[PDB]
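J.: my sequence and its experimental structure, below.
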Amino acid sequence: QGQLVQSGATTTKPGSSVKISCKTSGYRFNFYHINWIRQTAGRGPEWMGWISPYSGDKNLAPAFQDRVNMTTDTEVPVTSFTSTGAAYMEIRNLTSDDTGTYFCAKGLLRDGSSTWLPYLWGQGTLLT
Amino acid sequence: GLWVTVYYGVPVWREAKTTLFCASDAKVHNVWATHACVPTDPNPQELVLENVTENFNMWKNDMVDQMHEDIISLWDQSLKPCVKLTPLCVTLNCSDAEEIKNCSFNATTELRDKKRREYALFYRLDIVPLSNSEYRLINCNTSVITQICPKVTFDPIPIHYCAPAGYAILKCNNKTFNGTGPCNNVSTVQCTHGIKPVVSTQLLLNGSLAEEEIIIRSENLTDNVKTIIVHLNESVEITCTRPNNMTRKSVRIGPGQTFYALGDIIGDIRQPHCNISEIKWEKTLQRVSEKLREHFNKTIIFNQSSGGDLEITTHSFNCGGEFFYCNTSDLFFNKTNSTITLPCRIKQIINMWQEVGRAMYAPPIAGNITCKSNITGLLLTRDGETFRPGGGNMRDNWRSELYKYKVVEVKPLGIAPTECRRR
Amino acid sequence: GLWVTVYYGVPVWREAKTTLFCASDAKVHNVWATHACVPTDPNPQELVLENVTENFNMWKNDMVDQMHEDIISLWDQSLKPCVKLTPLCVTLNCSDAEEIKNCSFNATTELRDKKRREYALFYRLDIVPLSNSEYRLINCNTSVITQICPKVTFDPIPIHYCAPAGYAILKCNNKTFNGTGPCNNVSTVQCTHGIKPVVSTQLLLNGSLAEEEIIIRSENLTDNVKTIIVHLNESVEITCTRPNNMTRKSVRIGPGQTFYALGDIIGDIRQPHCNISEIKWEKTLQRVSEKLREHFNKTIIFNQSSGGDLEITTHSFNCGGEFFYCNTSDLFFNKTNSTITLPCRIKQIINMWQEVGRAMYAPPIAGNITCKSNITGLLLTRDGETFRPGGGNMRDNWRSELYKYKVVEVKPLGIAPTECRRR
Amino acid sequence: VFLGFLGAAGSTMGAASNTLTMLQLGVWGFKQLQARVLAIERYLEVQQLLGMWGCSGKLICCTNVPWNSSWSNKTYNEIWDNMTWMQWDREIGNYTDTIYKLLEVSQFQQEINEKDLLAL
Amino acid sequence: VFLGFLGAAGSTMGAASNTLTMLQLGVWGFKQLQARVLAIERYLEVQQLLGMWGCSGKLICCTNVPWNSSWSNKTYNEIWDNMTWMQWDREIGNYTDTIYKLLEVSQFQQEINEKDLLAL
Amino acid sequence: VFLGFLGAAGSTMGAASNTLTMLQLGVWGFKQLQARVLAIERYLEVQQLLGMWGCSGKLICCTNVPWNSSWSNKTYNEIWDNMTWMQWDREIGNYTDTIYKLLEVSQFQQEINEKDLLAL
Ligand SMILES: *[C@@H]1O[C@H](CO)[C@@H](O[C@@H]2O[C@H](CO)[C@@H](O[C@@H]3O[C@H](CO[C@H]4O[C@H](CO)[C@@H](O)[C@H](O[C@H]5O[C@H](CO)[C@@H](O)[C@H](O)[C@@H]5O)[C@@H]4O)[C@@H](O)[C@H](O[C@H]4O[C@H](CO)[C@@H](O)[C@H](O)[C@@H]4O)[C@@H]3O)[C@H](O)[C@H]2NC(C)=O)[C@H](O)[C@H]1NC(C)=O
Ligand SMILES: *[C@@H]1O[C@H](CO)[C@@H](O[C@@H]2O[C@H](CO)[C@@H](O[C@@H]3O[C@H](CO)[C@@H](O)[C@H](O)[C@@H]3O)[C@H](O)[C@H]2NC(C)=O)[C@H](O)[C@H]1NC(C)=O
Ligand SMILES: *[C@@H]1O[C@H](CO)[C@@H](O[C@@H]2O[C@H](CO)[C@@H](O[C@@H]3O[C@H](CO)[C@@H](O)[C@H](O)[C@@H]3O)[C@H](O)[C@H]2NC(C)=O)[C@H](O)[C@H]1NC(C)=O
Ligand SMILES: *[C@@H]1O[C@H](CO)[C@@H](O[C@@H]2O[C@H](CO)[C@@H](O[C@@H]3O[C@H](CO)[C@@H](O)[C@H](O)[C@@H]3O)[C@H](O)[C@H]2NC(C)=O)[C@H](O)[C@H]1NC(C)=O
Ligand SMILES: *[C@@H]1O[C@H](CO)[C@@H](O[C@@H]2O[C@H](CO)[C@@H](O[C@@H]3O[C@H](CO)[C@@H](O)[C@H](O)[C@@H]3O)[C@H](O)[C@H]2NC(C)=O)[C@H](O)[C@H]1NC(C)=O
Ligand SMILES: *[C@@H]1O[C@H](CO)[C@@H](O[C@@H]2O[C@H](CO)[C@@H](O)[C@H](O)[C@H]2NC(C)=O)[C@H](O)[C@H]1NC(C)=O
Ligand SMILES: *[C@@H]1O[C@H](CO)[C@@H](O[C@@H]2O[C@H](CO)[C@@H](O)[C@H](O)[C@H]2NC(C)=O)[C@H](O)[C@H]1NC(C)=O
Ligand SMILES: *[C@@H]1O[C@H](CO)[C@@H](O[C@@H]2O[C@H](CO)[C@@H](O)[C@H](O)[C@H]2NC(C)=O)[C@H](O)[C@H]1NC(C)=O
Ligand SMILES: *[C@@H]1O[C@H](CO)[C@@H](O[C@@H]2O[C@H](CO)[C@@H](O)[C@H](O)[C@H]2NC(C)=O)[C@H](O)[C@H]1NC(C)=O
Ligand SMILES: *[C@@H]1O[C@H](CO)[C@@H](O)[C@H](O)[C@H]1NC(C)=O
Ligand SMILES: *[C@@H]1O[C@H](CO)[C@@H](O)[C@H](O)[C@H]1NC(C)=O
Ligand SMILES: *[C@@H]1O[C@H](CO)[C@@H](O)[C@H](O)[C@H]1NC(C)=O
Ligand SMILES: *[C@@H]1O[C@H](CO)[C@@H](O)[C@H](O)[C@H]1NC(C)=O
Ligand SMILES: *[C@@H]1O[C@H](CO)[C@@H](O)[C@H](O)[C@H]1NC(C)=O
Ligand SMILES: *[C@@H]1O[C@H](CO)[C@@H](O)[C@H](O)[C@H]1NC(C)=O
Ligand SMILES: *[C@@H]1O[C@H](CO)[C@@H](O)[C@H](O)[C@H]1NC(C)=O
Ligand SMILES: *[C@@H]1O[C@H](CO)[C@@H](O)[C@H](O)[C@H]1NC(C)=O
Ligand SMILES: *[C@@H]1O[C@H](CO)[C@@H](O)[C@H](O)[C@H]1NC(C)=O
Ligand SMILES: *[C@@H]1O[C@H](CO)[C@@H](O)[C@H](O)[C@H]1NC(C)=O
Ligand SMILES: *[C@@H]1O[C@H](CO)[C@@H](O)[C@H](O)[C@H]1NC(C)=O
Ligand SMILES: *[C@@H]1O[C@H](CO)[C@@H](O)[C@H](O)[C@H]1NC(C)=O
Ligand SMILES: *[C@@H]1O[C@H](CO)[C@@H](O)[C@H](O)[C@H]1NC(C)=O
Ligand SMILES: *[C@@H]1O[C@H](CO)[C@@H](O)[C@H](O)[C@H]1NC(C)=O
Ligand SMILES: *[C@@H]1O[C@H](CO)[C@@H](O)[C@H](O)[C@H]1NC(C)=O
Ligand SMILES: *[C@@H]1O[C@H](CO)[C@@H](O)[C@H](O)[C@H]1NC(C)=O
């Protein structure tokens, strides 16, 4: 199971910097990478980056290398295998080209060769 | 093609109830854990369970219910060979030395037919006025009295509760743990830490300390009958003493039966009591007040014990070898430098582990008694927002220290499919 | 290329302390080893350890300290259900029948309120004169008295001390073994030989014999406080008897409590004593003299016991069911045919295993008592060269028989390199 | 001694299992003994079962029983790289005794197959 | 029963190992029972270790650990033809637990090698 | 648990073996414990012997000892198709310990044969 509810679909103008939330449930937030992926209307779906809610290790695309701040606060234990974590992500020199729906998705597994693969997706957040 | 593969030794555990055994440090003569226990490994090995959370419940733990019975089963075996005071249940012709009394009684001697007239001092609490200043021991109308063998001591020393092989102990280390529910960062240990069996009431003496904050613990805080257990990070230092320089006096009551009585008060007649710093106790009590407002969004209050038996109303404990009973009214009266002093009394006929009818006589410790102890917690009770202290049961004392630990079976058989096939 | 090779079952052993269990031959009713023990294999299997030497130390053995406690733990369980003589600690109006006394006392009857006037005979030793010929039992001023259940017997029968599985017993067989240090020709046994618990003082009765010479044994012979233990190859036959034809008399002292007293002396009044042959004891004592000159190159001497309690000064032991106390002055007076006779007395209130305050009443054996026993050793004590006999402790008796044996763990895991490699 | 190998209880199944990186008769005298008997009763609970499957002295013994997909229809990659031994046990806990019986007959028949093989 | 095989304790290591030639609750009731529990606690002390090295049911099991010459730099001929098991144990007693741990990992990895081998 | 496999006690030997188809210290506290120790003393009575014959974890282990016809001069067909394990045991009960000793030396020598084999 698990559900990643995102933030609100609020809009800003260029030069600003908005933060997008992603509140997880029903799964161990530390066990899987959180992954943000942007669907720009005038481009192909672009992968932005995963961070490790356990290791605290991040990995972005070179197109967002010095432009995105992705963070996570600690998880709240609910039971033996259920936690509630929050995922945050910003963009630096933001313009209007970055217009589109932003998604957050947790990783596939926690081992092997397909560890971080965005398996379970969120609700998306409309920007503009 | 996937086939069953058997794994021996898999990181999986159950939840069962086993019999724990005691380990002890390098020291002999105490009722708790004499040479009975194995030596503690000088390096208690603790390995951390990474990526693990567990559901603790200090209020449905079995190490507590097993420790509560273990402690009670300890005194029963140590009081088994000692001397009975059943011949002492005679008539007493008493007079004041009404705090303590100088009492005379006719006593049996080394011979069965000759009688002797002895005198002995007796605290007023250990005696009842029967239907011309003639008195009677307090617990002869309903119980059998057994005197402590005057060599064993009740000095609380650390007890190490260990689980058998093939079992494990899971320890929580979240320094905010409510005592119930999911705790992460859990680690396993072969044995618990050193735990001193400190038997007190209202105030928890010589206990562990919270590393951060002050952790309130209970099952259901919504009713009232559930005992609140305060934990503390700042320990207020209490100092108690019975200043009456006392004398031990061996009396002849029967063949090989030399019961030890309260002989004489050398020096001044004074009063036993305890001291706490005014600014410090008022500081750390205006601290527990800050934490009760979190759950009850009202104004908290401290009155005093509602009444009843002497042991529940008082701050009963042990000190030097004699059992104190302190009136704690000057501690709990919530009023948001100097020092405070609690009037304490002393009993010799006490009845711990409230059995059917087994009393206990503590032989008088000769000389000047003084003990300084740390108050590291409380145990409050809420009215149907006022908080008067009181002891729900003696197992409350063991809970406040065993909240971290939780005993588990271990299951080595691991069954799961793989791409292998025998032969 | 050498690689580790594991061997299970290697001839190597450690030195540990385990709990030994008792085996017994084909016979019931004695305090030592009733039906409690397993039957002894009629062929005690002993295999010889060729090419082996071992370091024994009879004075730091644990089978002795374990046997000494085992024997004491035996009587305590057999005296647990028996009858107390605490009501008998009354006033006694005595008269001579001052060796033994005819004493009268007021006694409780089958009913709790009616009193009876009984008479009973009492040895002078079991009684003390209290502050007009009124007396008192000797151990009512400091101890609780327990009468032996008059059915159990103290007849010494062979005890087989066996080691648990996974342990072993190493036996020395050098017929000159000092008791300490390297012994060769060692052999292992599953169980020790039959050992009779013969509790005596000064003179060792019904013990084992040295095959050659007479082996002196002790820790440090250079001081004096270390008890010398003589072993012998020639056993002097002693003959003891209490000739007073006695009568048993059941007295009514309480519900189901029929204590058995000394009734009446039928026949002559005579004296208990022991006989040893003059030429034989003088021969084998002029023999122990020859061996003490080896280590102390001086002139040896035998005086008598220095004094103190009655049990240390005397040759105390058991005979027929009553406990003798013989004055051994006519045995130890070193003067480099006829017969010698030792004046013995008899107690009924004895206190073996010198506990805190537990006395023991031996019910009188009716009739003529006569026992003949072998004296196979001694236990001397040297002055700061004179040798006066005396018992250092009752474990000295067990040492003189367990000097051969020594308990060991066995270690089956053998790790050593070989030219093999798995797979 | 070291029977507490729970060190990898929160790790994935394949990361943990496939590639590691004198008494006195009183209340501490009879307590310490029952704790000593209660431990080896249970070590022989499992080592007997390990002997009834042809797995004596083996931590990882392969068997001769195909995986009934009704037990768990999940992939090797979503077991040994996603689940932990603690929660996998709970998911497959209901059929745990059916597999035991079936393991037992696979080894018993394997004992007589080699019996017919060594008869030649 | 016959656990006393010490018969060749004074013989050379290679001459010995390589080529052989109803109670009542009283003080004998609780003594005889603890002696019965104390024996099988220790038989399972070693038979468990023998199972953790792939040596169950073997008196002479060869391993997969080379001999570290720092343990003992002595020849086969000055061990199995000169020393006795009693004194060899004492000489190599210090490294006895390092070899145990190392034996344990050699067998654990050997358990997964055959696991990768039987997967084909 | 299921140590009562006597279900085929009246069947022929070959039809049965070859092709199957918290106490309180009182008198129930010390009784129930001795019954628990008395059970595993005897399970280790046999599992130790099974280890001394190279039969750990085996229900049917073939050995290296020829059948001495003085033990029983009877045919395979008049044993495994005519007799039952209960009565066969009684007929061959006298030589039962000679075979044990002899089984023990066959396995011990087999342990050193493979030792000489793995040395190459
Ligand atoms: C507890 O639970 C957590 C959460 O599940 C576990 O953390 C996860 O562990 C798994 C392995 O079991 C991880 O999968 C691996 O992921 C790495 C990706 O990290 C690599 O790349 C980083 C970016 O380039 C790089 O910075 C890393 O290098 C260092 O940095 C980090 C910290 O900054 C440190 O953690 C690293 O160890 C390095 O020190 C790192 O190189 C990926 O490379 C792995 O792939 C290889 O390995 C697998 C087998 O594991 C193999 O199949 C592949 O083919 C390849 O060879 C592997 O996918 C996962 O990323 C972790 N984090 C999650 C899931 O969020 C933790 O292990 C658990 N511990 C215990 C004790 O239970
Ligand atoms: C408690 O009460 C008992 C009596 O029940 C007191 O015992 C009595 O004590 C006094 C003083 O010690 C004794 O009198 C003294 O006698 C001696 C010797 O003659 C003399 O030195 C004094 O001048 C005085 O006369 C008295 O005899 C004694 N009674 C007995 C029976 O011994 C006891 O003192 C009281 N103690 C306390 C602490 O209350
Ligand atoms: C809480 O812990 C403190 C500290 O251990 C306890 O104080 C201790 O009290 C005991 C008993 O009175 C003291 O023993 C005494 O020691 C003195 C000097 O060593 C000696 O003269 C006495 O005969 C007696 O043996 C002990 O010293 C003292 N510890 C310290 C450090 O002062 C206190 O009693 C405990 N509180 C409770 C309720 O158990
Ligand atoms: C020990 O002392 C007791 C007394 O404390 C002696 O008991 C008394 O013994 C004499 C002789 O047996 C009794 O007198 C006899 O009475 C009978 C019947 O009338 C008669 O046959 C004799 O001629 C003589 O008069 C006497 O009654 C008896 N007292 C009691 C209360 O029974 C006992 O004999 C003494 N025994 C020894 C061995 O010292
Ligand atoms: C040292 O060993 C000798 C020989 O065993 C002990 O002599 C034995 O003493 C007992 C107790 O007095 C005798 O028992 C008695 O037997 C006779 C006839 O069988 C019977 O009439 C009595 O009622 C009693 O049961 C036993 O016969 C006797 N043994 C022999 C061979 O004469 C001696 O007591 C031992 N010494 C010590 C200090 O234990
Ligand atoms: C997890 O629990 C462990 C306790 O079991 C904590 O580990 C200790 O942390 C302190 C702080 O540096 C060290 O000095 C100790 O050496 C650690 N103990 C061990 C056994 O490693 C740890 O801090 C806890 N982690 C959290 C986040 O609470
Ligand atoms: C009373 O309280 C003081 C203060 O907390 C205790 O002092 C600490 O004692 C522990 C004992 O393990 C030491 O490790 C610490 O170093 C001490 N720290 C400080 C700041 O004092 C004292 O031990 C307590 N005494 C009792 C009997 O509980
Ligand atoms: C070595 O010790 C053994 C005792 O364990 C002695 O063996 C006995 O010797 C006598 C004398 O002939 C034989 O009758 C016995 O049958 C032997 N016993 C066994 C078990 O063989 C042996 O004499 C000792 N050797 C020395 C040199 O003292
Ligand atoms: C008293 O001493 C004699 C002489 O030593 C003992 O007689 C021996 O007894 C043993 C007992 O095992 C026999 O095996 C011997 O054959 C006897 N030999 C001789 C020469 O008598 C007698 O048994 C001893 N009695 C006691 C009770 O110790
Ligand atoms: C009690 O004691 C007082 C004073 O010692 C004495 O006057 C009185 O007679 C006594 N009464 C009794 C009943 O013992
Ligand atoms: C003890 O009894 C005697 C009577 O024998 C009496 O005189 C005395 O007052 C009594 N004392 C007490 C304290 O009862
Ligand atoms: C026993 O004595 C107590 C003393 O406080 C008294 O209150 C109670 O009524 C008495 N009860 C009985 C049953 O004797
Ligand atoms: C401990 O539990 C509390 C419960 O609210 C939580 O807030 C805190 O973060 C936990 N500490 C950890 C996980 O280190
Ligand atoms: C105790 O803390 C747990 C943490 O999970 C919480 O769920 C529970 O409601 C708390 N109960 C009380 C009485 O504080
Ligand atoms: C102890 O905990 C209380 C909780 O409110 C906090 O206010 C105080 O600062 C803490 N003191 C220390 C010394 O940690
Ligand atoms: C509780 O608090 C105040 C202080 O005296 C008062 O109303 C009341 O008497 C106290 N005691 C009670 C309610 O038992
Ligand atoms: C306790 O002390 C207060 C005053 O400090 C007093 O009013 C009260 O009566 C006392 N109670 C007891 C039981 O001693
Ligand atoms: C003691 O006994 C003698 C003789 O039997 C008798 O004369 C005397 O009165 C008795 N005395 C006592 C105090 O019993
Ligand atoms: C027993 O008591 C009575 C008084 O009832 C007395 O006459 C007799 O002398 C007493 N006898 C002894 C031996 O004390
Ligand atoms: C007890 O009685 C003995 C008898 O020998 C006497 O010597 C001793 O002084 C007495 N001691 C005590 C404490 O009663
Ligand atoms: C026994 O030990 C003594 C010790 O001096 C020795 O002289 C004697 O030869 C030994 N007996 C043997 C080795 O048979
Ligand atoms: C006892 O004999 C041993 C034999 O090795 C010897 O070393 C030791 O000095 C002797 N000690 C005494 C006290 O005779
Ligand atoms: C007994 O040993 C002594 C030791 O000096 C010796 O003189 C005597 O001849 C020995 N006697 C026998 C019969 O062995
Ligand atoms: C020791 O020996 C002689 C013999 O009478 C003498 O000098 C002395 O009195 C005896 N007794 C001693 C020294 O106690
Ligand atoms: C022992 O007997 C001697 C004479 O044989 C005598 O002088 C001595 O006093 C007696 N000692 C004892 C305690 O009987």
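T.: Received the coordinates, thanks. Numbering: from 1, shown residues only, chains lettered A, B, ... in the order given. Ligands and ions are numbered 1, 2, ... in the order given.

J.: using the centroid of chain A, identify the residue furthest from it.
T.: Distance from the centre of chain A peaks at residue A:80, with 24.3 Å (CA atoms, centre = their mean).

J.: for ligand 14, see how far away it is.
T.: For residue A:80, the distance to ligand 14 (CB to the nearest ligand atom, to the nearest Å) stands at 12 Å. For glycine as for every other residue, the C-beta is placed from the backbone atoms N, C-alpha and C.

J.: which stretch of helix or strand covers the residue nearest to residue B:265 when sequence neighbours are not counted?
T.: Excluding its sequence neighbours, the residue lying closest to residue B:265 (CB to CB, 6 or more residues apart in numbering or on different chains) is residue B:244, at 5.2 Å. Residue B:244 belongs to strand B:229-254 when assigned by DSSP states H and E.

J.: may I have the strands that pair with that strand, each with its orientation?
T.: Using DSSP bridges, the strands paired with strand B:229-254 are strand B:216-217 (antiparallel), strand B:257-265 (antiparallel), strand B:273-277 (antiparallel), strand B:367-377 (antiparallel).

J.: ok, back up a step: quick one: contacts for the residue nearest to residue B:265?
T.: By CB atoms under 8 Å, 6 or more residues apart in numbering or on different chains, residue B:244 lies in contact with B:265, B:267-270, B:272.

J.: which of the residues you listed tops the neighbour count?
T.: The most crowded member of the contacts of residue B:244, judged by other CB atoms under 10 Å in any protein chain shown, is residue B:272 (21 neighbours).

J.: that residue and ligand 25, how far apart?
T.: From residue B:272 to ligand 25 the distance is 55 Å (CB to the nearest ligand atom).

J.: can you tell me which of the contacts of residue B:244 is nearest residue B:220?
T.: If you rank these by distance to residue B:220 using CB to CB, residue B:272 comes first, at 38.2 Å.

J.: ramachandran coordinates for the closest residue to residue B:142 other than its chain neighbours?
T.: Distances taken as CB to CB, 6+ apart place residue B:357 nearest to residue B:142, at 5.7 Å, with adjacent residues excluded. With angles defined as degrees, to the nearest 10, residue B:357 sits at phi -160, psi 60.

J.: burial measure for residue B:357, as a count.
T.: By other CB under 10 Å, neighbour count at residue B:357 equals 11.

J.: give the contact list for it.
T.: B:142-144.

J.: contacts with ligand 4 among these, please.
T.: Among the contacts of residue B:357, no residue sits close to ligand 4 (CB under 6 Å from any ligand atom).

J.: list phi and psi for residue D:32.
T.: When read as degrees, to the nearest 10, the backbone of residue D:32 gives phi -70, psi -20.

J.: these two touch, right, it and residue B:23?
T.: No: in this structure, residue D:32 is not within contact of residue B:23 by CB atoms under 8 Å, at 9.4 Å.

J.: pull up the overlap in contacts between these two.
T.: Common neighbours of residue D:32 and residue B:23 (criterion: CB under 8 Å, 6+ apart): B:37-38.

J.: could you pull up the residues touching the residue of chain D found nearest chain F?
T.: The nearest approach of chain D to chain F comes at residue D:56, 3.1 Å away (CB to the nearest CB). Taking CB under 8 Å, 6+ apart as the contact definition, residue D:56 lies against D:47, D:50, E:51, E:56-57, F:56-57.

J.: what's the closest non-adjacent residue to the residue farthest from the centre of chain A?
T.: The spatially closest residue to residue A:80, leaving aside those adjacent along the chain, is residue B:53, at 5.5 Å (CB to CB, 6+ apart).

J.: residue A:111: how many residues sit nearby?
T.: By the criterion of other CB under 10 Å, residue A:111 has 15 neighbours.

J.: would you mind measuring from it to ligand 15?
T.: On the measure of CB to the nearest ligand atom, residue A:111 and ligand 15 end up 41 Å apart.

J.: strands of chain A, start to end?
T.: Assigned by DSSP state E, the strands in chain A fall at A:3-6, A:20-25, A:34-40, A:46-51, A:58-60, A:68-77, A:83-91, A:100-106, A:120-121, A:125-126.

J.: chain center to the longest one: distance?
T.: The reference is to strand A:68-77. Taking CA atoms, centre = their mean, to the nearest Å, one finds strand A:68-77 lying 10 Å from the centre of the chain it belongs to.

J.: in contact with the residue farthest from the centre of chain A, which residues?
T.: Residues near residue A:80 by CB under 8 Å, 6+ apart: B:53-55, B:182, D:86-87.

J.: same question for residue B:134.
T.: Counted by CB under 8 Å, 6+ apart, residue B:134 has contacts B:91-94.

J.: may I ask which of the residues you listed has the most neighbours?
T.: The most crowded member of the contacts of residue B:134, judged by other CB under 10 Å, is residue B:94 (23 neighbours).

J.: all set now, cheers.
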